[PDB]
């Protein structure tokens, strides 16, 4: 079996298959979804657990169509990982990350184990690392080409470099803003939309809370926000929460007053996935260029 040395984010030099056939993933969102997108789904995965004891891969069905109930992917735990289940899956590669609590020393006894950290370079680096680790560089190239096509289509729709945007979130009586809000921020920046200085000046990978009084500093041509829908929530929830931040908040933003405040489903907006990038690009396109107002 052909083999490679991979340097993980703990600086460990790990001899791994050139083409792993049985991967165990210790995080649904951070690892399993990217693996599925790369065409190398794990044989076992971390996931979430509901109070009735049912299990699911977070965003699995929604973004990839893959979940525990329609696949041969074994569930290995949510909090404490079932070591017996990992062993039973007979992995040739185990992928974990720094926020997991299963000891590396235990995992490495089972199979070549690597730890990957999204704090080093974000989603693009995670996919680059996973593609190298799994020999799926050709599939990554296809994913990247489609993303290029999506950005180019968006850029061709409108003069993005002359349109300002912002992404905001209610946070316990204040406004939280990121330099780049996950998938949504990534697409906006890649398409060349410009952000207000308060947001642009936040260090890369950073974020800040902003006082309600300063809302006008977050104003732009279009203002985006997200709402949580994975547990029965609705867009009106973020509206109600913004009201708790400041009654009449709408009047502090020319974007909201003019009907250019846009609410996006959070679960897809926060994912690292190529699926998410496409969903963002489409929504940005029609919300900005495809919604004429009287």
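Residue numbers count along the first chain shown, from 1.
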- Take the C-alpha B-factors listed in the entry for 236 to 244 and for 35 to 43, compute each mean, and give the stretch with the larger one. 236 to 244
- Query: Looking only at CA atoms, which has the higher mean B factor in the entry: 218 to 226 or 74 to 82?
  - Reply: 74 to 82
- Task: Have a look at 97, 144, 200, 190 and flag the one whose Cα has the highest B-factor in the entry.
- Result: 97
- Message: For the CA B factor values reported in this entry, which option in 151, 114, 158, 184 has the top one?
- Response: 158
- Query: With respect to C-alpha B-factor, does residue 293 fall in the lowest, middle or highest third of the chain as deposited?
  - Reply: highest
- Task: Classify residue 258 as lowest, middle or highest third according to the C-alpha B-factor given in the PDB entry, relative to its own chain.
- Result: highest
- Query: Where does residue 102 sit by CA temperature factor within its chain: lowest, middle or highest third?
  - Reply: highest
- Query: Can you tell me which third, lowest, middle or highest, the CA B-factor of residue 4 falls into for its chain?
  - Reply: highest
- Divide the modelled residues of the chain into thirds by Cα B-factor and specify which third, lowest, middle or highest, holds residue 267. lowest
